[PDB]
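Visitor: Protein chains in written order, with the deposited numbering: chain CT, 61 to 118; chain CU, 1 to 101; chain CM, 1 to 138. Using N, Cα and C, we set each Cβ at its ideal position, and we do this for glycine too.
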Amino acid sequence: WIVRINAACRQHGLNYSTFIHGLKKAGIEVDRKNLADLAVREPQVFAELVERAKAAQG
Amino acid sequence: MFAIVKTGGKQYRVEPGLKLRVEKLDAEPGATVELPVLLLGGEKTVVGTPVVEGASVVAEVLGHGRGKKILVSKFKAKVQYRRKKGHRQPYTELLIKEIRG
Amino acid sequence: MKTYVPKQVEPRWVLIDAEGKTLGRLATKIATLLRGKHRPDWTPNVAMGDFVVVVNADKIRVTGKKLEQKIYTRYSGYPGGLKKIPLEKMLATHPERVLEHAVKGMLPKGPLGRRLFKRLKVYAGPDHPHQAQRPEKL
RNA sequence: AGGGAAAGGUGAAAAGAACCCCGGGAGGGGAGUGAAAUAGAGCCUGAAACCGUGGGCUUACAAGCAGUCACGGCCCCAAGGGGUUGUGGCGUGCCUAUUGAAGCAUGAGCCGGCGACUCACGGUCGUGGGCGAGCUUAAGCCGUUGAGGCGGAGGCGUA
RNA sequence: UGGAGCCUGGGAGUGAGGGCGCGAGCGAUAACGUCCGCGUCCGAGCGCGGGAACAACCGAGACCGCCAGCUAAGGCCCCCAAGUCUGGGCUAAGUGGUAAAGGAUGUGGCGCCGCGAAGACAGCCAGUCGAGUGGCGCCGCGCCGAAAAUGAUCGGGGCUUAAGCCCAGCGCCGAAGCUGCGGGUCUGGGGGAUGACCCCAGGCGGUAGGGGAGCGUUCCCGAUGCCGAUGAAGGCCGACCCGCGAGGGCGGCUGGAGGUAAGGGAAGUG
RNA sequence: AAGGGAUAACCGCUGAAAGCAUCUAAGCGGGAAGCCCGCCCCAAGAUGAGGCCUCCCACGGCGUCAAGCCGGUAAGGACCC
């Protein structure tokens, strides 16, 4: 889960370390590394989550 | 539509009508639960906090059931220590009814 | 269930050449490509990395004073069968070898590890004598 | 002088396979007896090691206490199972003996069967009952023929 | 209020210890050496994470299950999960990647002393020359001193404004530890129509041993009975059902005459 | 062994840090029966299985349609002697 999340979110600018910290502050106790298969099905919606994440991050 | 509900200490991706198993609920035989525990949709909802305020997913309970048996068995050498135990985790099956967020 | 799992997609090819670059600092990323570790199909048991062609080998920068000082080694199973050959002499003849050795070491060591080392094509160049694609990365 | 084994079993009944066929014979193949002949004669049942034939999966750039977890392919009844194993993760045999053993320390080729905390009489705690300031009989005698009675010599206890 | 304590009694094993830290003796301020003393871990936690590999160094005391979440030591360039993350310095030996007396204008940072228009510190008659010159002494990092026997290597590749060393800062990865959800068993506590069923809270690594529950084998009473050729015992198969487990049912083929409940009793009992 | 290239101790050029001097700190030359290649031998299972010369080519009959198909060929190759 982690190896491919990293691959996917590294494809938008940032890295895994950063992405998870973001979500933490962003208040989305969600992804559940399991359920970041969103990266493969519906990357539309992954993209959204990355925005929220870098929202709390920069 | 989509939806990412939470039950049994774990999370899942549900849709109009299917389900698998999920852990004993204290839920009587043929009745109906709402799993207000719910994040995300198929129109890009997300969740300002953990939960999306006005949101839920309806499902109907089909019944309970014990899993396939697993043998847990321990051994330590040069010591005559061996142990055999038989294990079966219980579950419940749902039927997803609709996603009203 | 959640087996995210791939289905076989068409393998991509790539051309690259940091002819002006520090090897190791090059070879690292090459390998990360030879495994599908950049793409979120990643599946550890299968081989869906990129095919990789590297033009213009030799030319590579090597830090510090690593000529005569970096020594390469081969032992035949015989008495006194040790060979010690320094970096200078490897570029001098068989420089395609240098970047090859360096990537080998960064690849896993199973059968699948040898399969990926075959996906890596190295030419002291330029001119990579096979044309049928190559989305060059810089 | 002395030591000293192994080895039991067709079927209710021999009705124990005339006759034909291949073979020197031994064996078989038809036929026939029988409820049954993988009950056909060191013949009831016929387990395991061990040796064959046929079929599915699988292997000639690999590397191992031989398995396990995960994907993936093929093969057989169906949204689930069973068989097999390509790749990937993880993994120092059992027993004994020892401060310490995968150990290059002991034992064991493999399978089956035999194989080691008992009984008597005292003793001492515990415990389920009987009767209690008392409780209890031994040898024997009378009955039963898988019936129980009687018998206070004695013994423990009451300083 | 603790798997604390004290009193009386039944059952033991042990009486060969080992490493580490600290305090002494012996030894040579030698030994995986040896003697005692205080503590720990292995023993019995060769179960799990870190340490390349490795009983006792660091992290941590493993009832079971989950394709959930947070951490610990140690880690985040690839092999290998996570920063080629940010800001300031040092080092050019691959030091790092394991050695001393003693040597050296290696470097970088501090010194406080000579004496410089009685303008020689370095150079050719002292005039020109027109300025920085020497002197020990501290601190950081490195250099020589450095020769052993099968093929080499910091675990490997490979690293030089670092992937080394020093000092800050934020973030992630990471165990069988801690949370989340479900289940078991044992205690304690609640109900108290004691229901042996519902609710709550703790405990459950384990060698020598102590204690508690069960399962199965042979035989006896139950028996002048009950099952049995419409198939006993035994044998061969199963992905099914019930038990935590030893086990017990169910079904199909084989076998051809024996088998024996509920509840109890003996022992040539695994 | 000739021979060609790179080196060890060691011998030099040019040259500052440090107006002098210094083989060195940027550079450049000499220099061993030793190192590399050269001589002789093995070698494409070098699963990274190489290259050059010459030859032989037809579907003839059937499945999840190029053998995973059986039976005759071709250039060739075995068997027996």
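1. Roughly how far, in whole angstroms, is the beta-carbon of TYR4 of chain CM from the beta-carbon of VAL100 of chain CT, given that I think they are within contact range, below 8 Å?
2. Using a Cβ-Cβ cut-off of 8 Å, state whether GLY82 of chain CT counts as contacting chain CU.
3. I need the boundaries of the beta strand (DSSP E) containing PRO90 of chain CU, first residue and last residue.
4. At the level of alpha carbons, what is the spacing between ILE16 of chain CM and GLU15 of chain CU?
5. Beta-carbon within less than 8 Å of residue 150 of chain CM's beta-carbon, same chain only, minus the 5 sequence neighbours each way: which residues are those?
6. Under 8 Å between the Cβ atoms of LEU107 of chain CM and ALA31 of chain CM?
7. Could you tell me the distance, in whole angstroms, from the CA atom of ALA55 of chain CU to the CA atom of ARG66 of chain CU?
8. To the nearest angstrom, how far is it from the Cα of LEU20 of chain CU to the Cα of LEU94 of chain CU?
9. Do we get a CB-CB distance below 8 Å when we pair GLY48 of chain CU with the residues of chain CT?
10. To the nearest angstrom, how far is it from the Cα of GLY8 of chain CU to the Cα of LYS70 of chain CM?
11. Starting from the N-terminal side, write out each stretch of the beta strand (DSSP E) that is 3 residues or longer and does not extend beyond the stretch 63-94 of chain CM.
12. From the DSSP output, read off the bridge partner residues of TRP42 of chain CM.
13. Quick check: is the beta carbon of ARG92 of chain CT nearer than 8 Å to any beta carbon in chain CM?
14. Would you mind telling me which residues of chain CU sit closer than 7 Å to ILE62 of chain CT, beta carbon to beta carbon, in chain order?
15. Is it buried or exposed, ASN66 of chain CT, if we count other Cβ atoms within 10 angstroms and call 16 or more buried?
16. Using only CA atoms, which one of CM:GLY24, CM:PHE51, CM:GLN131 and CM:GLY81 lies nearest to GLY36 of chain CM?
17. Can you list the residues of chain CT that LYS78 of chain CU reaches, using a CB-CB cut of under 8 Å?
18. Cβ of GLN89 of chain CU less than 8 Å from any chain CT Cβ?
19. Taking C-beta pairs closer than 7 Å, name the residues in chain CT that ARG21 of chain CU reaches, listed in chain order.
20. Checking contacts by CB at 8 Å: is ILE4 of chain CU closer than that to chain CT?
21. What does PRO40 of chain CM touch in chain CT if you count any residue whose Cβ is under 7 Å from its own?
22. Which bits of chain CT does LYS37 of chain CM rub up against, with CB to CB less than 8 Å?
23. Terminal residues of the continuous alpha helix (DSSP H) containing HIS81 of chain CT?
24. Which residues of chain CT have a Cβ atom closer than 9 Å to the Cβ of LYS2 of chain CM, listed in chain order?
25. With respect to the beta strand (DSSP E) encompassing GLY63 of chain CU, which residues constitute its N-terminal and C-terminal limits?
26. How would you write the range of the beta strand (DSSP E) that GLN11 of chain CU sits in, first residue to last?
27. On the criterion of 16 or more Cβ atoms from any shown chain inside 10 Å, does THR92 of chain CU qualify as buried, or is it exposed?
28. Using a Cβ-Cβ cut-off of 8 Å, state whether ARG66 of chain CU counts as contacting chain CT.
29. Identify the continuous beta strand (DSSP E) that holds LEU15 of chain CM and give its terminal residues.
30. Which partner residues does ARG21 of chain CU have in the DSSP bridge list?
31. 8 Å is my cut-off, CB to CB: does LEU39 of chain CU come that close to chain CT?
Guide: This is what the structure gives:
1. 6 Å
2. no
3. 90-99
4. 45 Å
5. Past the boundaries of the shown model lies residue 150 of chain CM; chain CM is included only from 1 to 138, so the question cannot be answered.
6. yes
7. 32 Å
8. 7 Å
9. yes
10. 58 Å
11. 71-75 and 82-86
12. In the DSSP output, where bridge partners are listed per residue, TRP42 of chain CM has none listed.
13. no
14. Those within 7 Å of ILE62 of chain CT in chain CU number zero; the least Cβ separation is about 16 Å.
15. buried
16. CM:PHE51
17. The contacting residues do not exist; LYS78 of chain CU stays about 40 Å from chain CT at best.
18. no
19. Going along chain CT, no residue has its Cβ under 7 Å from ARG21 of chain CU, so there is no contact; the nearest lies around 16 Å.
20. yes
21. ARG64, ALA67, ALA68, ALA99 and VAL100
22. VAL63 and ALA67
23. 76-85
24. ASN94, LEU95 and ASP97
25. 57-66
26. 10-13
27. buried
28. no
29. 13-16
30. CU:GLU93
31. yes
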